[PDB]
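*Asks:* Oh and the first sequence: position 175 is 371 in our numbering, straight run, nothing missing. For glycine and all other residues, C-beta sits at the position ideal for the given N, C-alpha and C. The structure under discussion is supplied below as structure tokens; questions concerning it will follow.
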Amino acid sequence: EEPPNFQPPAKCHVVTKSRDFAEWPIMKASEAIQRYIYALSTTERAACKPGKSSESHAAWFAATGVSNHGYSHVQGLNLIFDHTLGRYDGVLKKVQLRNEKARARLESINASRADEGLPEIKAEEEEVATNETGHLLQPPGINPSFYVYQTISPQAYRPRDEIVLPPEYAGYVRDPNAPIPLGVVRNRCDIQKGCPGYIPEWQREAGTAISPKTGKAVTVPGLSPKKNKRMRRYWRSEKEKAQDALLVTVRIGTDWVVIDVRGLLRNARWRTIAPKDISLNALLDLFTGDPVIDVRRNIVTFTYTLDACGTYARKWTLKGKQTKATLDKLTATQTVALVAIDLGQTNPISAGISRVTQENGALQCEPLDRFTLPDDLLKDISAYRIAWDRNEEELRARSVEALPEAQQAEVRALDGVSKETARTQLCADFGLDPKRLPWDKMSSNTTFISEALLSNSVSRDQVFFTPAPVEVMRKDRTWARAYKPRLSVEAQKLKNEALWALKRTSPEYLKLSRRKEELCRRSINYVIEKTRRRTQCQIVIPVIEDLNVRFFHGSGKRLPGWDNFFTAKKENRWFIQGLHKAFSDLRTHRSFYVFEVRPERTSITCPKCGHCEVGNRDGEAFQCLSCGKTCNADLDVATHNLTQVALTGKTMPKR
RNA sequence: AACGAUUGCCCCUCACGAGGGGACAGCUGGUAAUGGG
Ligand SMILES: [Zn+2]
């Protein structure tokens, strides 16, 4: 009833080509089509319909006049056409979503503002990239995708004098139907001194020893006592490397290209969906027959055939009252693990494992284990945080170094003199003497300035207002918030375009971005695997609080300095986003159930007593003021309550 | 539970002979504007 609709990708390399990809008929022809179509306007595309059949393809190439350089493949081409229309329509769909995101942000600030009391921005100018005629600025550039199709799908590299390999693959024989041998020897302590892959005596029998040269203390974990660890093989030379490869070809009109399949073997021995002995032809049939060659990267992305592998992917994360039905259904037969995860800044995630079982009309939430992530991964988190923060500051400083002349000075000192400029203009505008009123002692709840305003008694019109749900004069904090020297937003765009471009191209940023995603998958993977090895129940369904609307899950109190009203990017909300994103992707990659329950109330109540006074929480100690108790507010009470609001779809009642 | 998996990529360690750990949904968009019931 739940058919698979997801196929994981597998990436391999490419060894040698016939001739540089630009010369390729398929590619050069596709490049011409890309150029003709990405500078085509909108309205003709509406009329345009490239037909699936080949006679319609030829009718199409004739009615517009663009040529195909001898390549009319029935249903070979269709892929190129469909993806080209896909990218073209995306470059407006992706802008339309961008504008809608800005609109939602604008609405959110308006709700905050026209309630808090300050001026409400009528609107922000609509951003579109489509020109009136239909030409598309910022057009999608030429792409390296080279789709391959069933009638061309890769096949085991037999020897053909026309097919010529680089000199390193001098003698290559490989029985395509034979079982591919295992690379490393079974016992890795046998390799002798000379042969490659020789593990020196001091990496066995894990110990701690001092190197000869300077005696620096160096430990070693030893040979890994694990059963499912990829083995790394080492050859003496690059020609010895060559003869032990997995070469497959793709043949189209006497212009081939040979690609190396070791990646798919590794990707198949990972999931244990490949027996320990398996043949090359069986491996190639284990995957879908439509790779995508990336010509600007020399990387081939295979995908899995649905039947071999590929789980179900639930389209939507489940929130709210649906949880009731999910537990009623998933628990009707068997017991389900329920790990509750709670994100923060001191302790990146805190998880509490329970074991949901079932007696008619009840969900007993037996809890097993509160835990925190281990020490080594925290050390990795710290090194990543230091690294990426340093990169961001250097990146921003750089972007600043290059700008129009009229821009640098203001953005150099906009936030520098801001506190001095702000207080001086405020005093000058309302005449207040700074020294008679203490200035440094401004806190999150201080209201000294506003009472000083009423002492001056200039008027009552400007101050009282009626926050849309009692007419209350609000915090002077709001005035402080208003009087902040934000620069022109006509140039904010120019500033952010410089920032966008520099990061878009610089390698460092991509490296760090990939590391963040990889290191964040890991932080949620360890957690999920531990809950599985702890509950002994196959179905583990992590429940995670939404952050999109999180509005009270914050630190105890901001610094009472004047400097700290404007603490841009205060070391927050990069990781958290990543954790939530990694989970929301855990939803689809492995078909897991995920539960989103609104945080805001959750972290400040408890099961022992309903009472939920907002002052009960220091920020790291959850002291109840009825049932005197001491807990780590995050680790023990917050996760327990997330599970509690999970078992029932109703959020906890308030007073 | 399911019994060490041939390149690669990342991190960590190294007596450079390698060892340990990790991601595997990828293409490109995407952390950048004024959001403490
Ligand atoms: Zn209590």
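Name the DSSP bridge partner or partners of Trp452?
*Replies:* According to DSSP, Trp452 bridges with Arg447.
*Asks:* From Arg594 to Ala218, what does the alpha carbon distance come to, in whole angstroms?
*Replies:* When rounded, the distance between both Cα atoms is 35 Å.
*Asks:* In whole angstroms, give me the CA-to-CA distance for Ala536 and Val739.
*Replies:* Each residue's alpha carbon lies about 5 Å from the other.
*Asks:* Between the Cα of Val457 and the Cα atoms of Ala300, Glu714, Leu633, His209, which residue gives the shortest distance?
*Replies:* Nearest C-alpha to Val457: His209.
*Asks:* Measuring only from the beta carbon, is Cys820 closer than 7 Å to any heavy atom that is part of ligand 1?
*Replies:* True, at least one ligand heavy atom lies under 7 Å from that Cβ.
*Asks:* Let me know the alpha helix (DSSP H) ranges lying completely inside the segment 591-643, each 4 residues or longer, listed in chain order.
*Replies:* Whole alpha helix (DSSP H) segments, 4+ residues: 601-609, 614-626.
*Asks:* Can you check the segment 396-427 for any alpha helix (DSSP H) of at least 4 residues that lies completely inside it and give the ranges in chain order?
*Replies:* The qualifying runs do not exist here; there are none.
*Asks:* Does ligand 1 have a heavy atom nearer than 7 Å to the CB of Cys733?
*Replies:* No, the beta carbon of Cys733 sits no closer than 7 Å to any heavy atom of ligand 1.
*Asks:* Using DSSP bridges, identify the partner residues of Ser684.
*Replies:* Answer is none; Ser684 lacks a bridge partner.
*Asks:* May I ask you to check if the CB of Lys850 is nearer than 7 Å to at least one heavy atom of ligand 1?
*Replies:* It does not: the Cβ of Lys850 is nowhere closer than 7 Å to a heavy atom of ligand 1.
*Asks:* According to DSSP, is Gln351 helix, strand or coil?
*Replies:* Correct three-state label for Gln351: strand.
*Asks:* For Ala206, count neighbouring C-beta atoms within 10 Å of its own C-beta (all shown protein chains included) and say buried if the count is 16 or more, exposed if not.
*Replies:* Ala206 should be labelled buried.
*Asks:* I want to check one thing, is the minimum distance from the CB of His807 to the heavy atoms of ligand 1 below 7 Å?
*Replies:* Within the cutoff, so yes.
*Asks:* Should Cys802 be counted as a contact of ligand 1 given a C-beta to heavy atom distance under 7 Å?
*Replies:* Yes, Cβ of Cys802 sits closer than 7 Å to a heavy atom of ligand 1.
*Asks:* So, using beta-carbon positions, are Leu314 and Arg677 closer together than 8 Å?
*Replies:* For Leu314 and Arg677, yes; Cβs fall inside 8 Å.
*Asks:* Where does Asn828 fall in DSSP's three states?
*Replies:* Three-state result, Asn828: strand.
*Asks:* One question on the structure: do residue 161 and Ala352 come within less than 8 Å of each other, judged by their Cβ atoms?
*Replies:* Nothing in the structure corresponds to residue 161, since the chain is present only between 197 and 851.
*Asks:* Using the C-alpha atoms, what's the distance from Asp440 back to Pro417?
*Replies:* Using only the alpha carbons, I get a separation of about 30 Å.
*Asks:* Which of the three DSSP states is assigned to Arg794 in this structure?
*Replies:* Reduced to three states, the DSSP call for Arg794 is coil.
*Asks:* From which residue to which residue does the alpha helix (DSSP H) around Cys716 run?
*Replies:* From DSSP, the alpha helix (DSSP H) with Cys716 extends over 703-731.
*Asks:* Could you say which of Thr238, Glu296, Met427, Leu281 lies nearest to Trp466 if we only look at CA atoms?
*Replies:* Ranking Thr238, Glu296, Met427, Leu281 by Cα distance to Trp466 puts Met427 first.
*Asks:* In whole angstroms, what separates the C-alpha of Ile448 from that of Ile495?
*Replies:* Rounded to whole angstroms, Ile448 to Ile495 spans 19 Å at the Cα level.
*Asks:* Run through the segment 248-310 for me and flag every whole alpha helix (DSSP H) of 4 or more residues, listed as ranges in chain order.
*Replies:* Segments of the alpha helix (DSSP H) lying fully in the segment 248-310: 250-260.
*Asks:* With a CB to CB cut of under 6 Å and the five nearest residues on each side skipped, what residues in its chain are close to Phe788?
*Replies:* Cβ neighbours of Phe788 beyond the five flanking positions: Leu782.
*Asks:* Quick one: is the Cβ of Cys827 within less than 7 Å of any heavy atom of ligand 1?
*Replies:* Incorrect: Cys827 has no Cβ contact closer than 7 Å to ligand 1.
*Asks:* Please report how far the alpha carbon of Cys733 lies from the alpha carbon of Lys850, in whole angstroms.
*Replies:* Looking at the two C-alpha atoms, the distance is approximately 35 Å.
*Asks:* May I ask you to list the residues that DSSP assigns as paired with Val668?
*Replies:* DSSP output for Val668 lists no bridge partner at all.
*Asks:* Please report the Cβ distance between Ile549 and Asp565, rounded to the nearest whole angstrom; I am assuming they are in contact, meaning their Cβ atoms lie under 8 Å.
*Replies:* So it is a contact: roughly 5 Å between Cβ atoms.
*Asks:* The beta strand (DSSP E) with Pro205 in it runs from where to where?
*Replies:* Unbroken beta strand (DSSP E) run through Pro205: 205-213.
*Asks:* Does the structure place the segment 789-796 close enough to the segment 831-849 that three or more beta carbon pairs sit under 8 Å?
*Replies:* As far as the Cβ criterion goes, the segment 831-849 touches the segment 789-796, which means the pair count is three or higher.
*Asks:* When the Cα of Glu227 is compared with those of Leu755, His279, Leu332, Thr212, which residue comes out closest?
*Replies:* When each option's Cα is compared against that of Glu227, the closest is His279.
*Asks:* Can you tell me which of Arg586, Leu649, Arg670, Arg730 puts its alpha carbon nearest to the alpha carbon of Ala310?
*Replies:* Ranking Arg586, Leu649, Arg670, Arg730 by Cα distance to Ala310 puts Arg670 first.
*Asks:* Are the beta-carbon atoms belonging to residue 852 and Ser719 less than 8 Å from one another?
*Replies:* Any answer about residue 852 is impossible in this case: the structure gives the chain only from 197 up to 851.
*Asks:* Can you tell me where the beta strand (DSSP E) with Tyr343 in it begins and where it stops?
*Replies:* Segment 341-343, the beta strand (DSSP E) holding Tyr343.
*Asks:* Measure the C-alpha to C-alpha separation of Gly247 and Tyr508 and round it to an integer number of angstroms.
*Replies:* If you take the alpha carbons of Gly247 and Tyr508, they lie about 32 Å apart.
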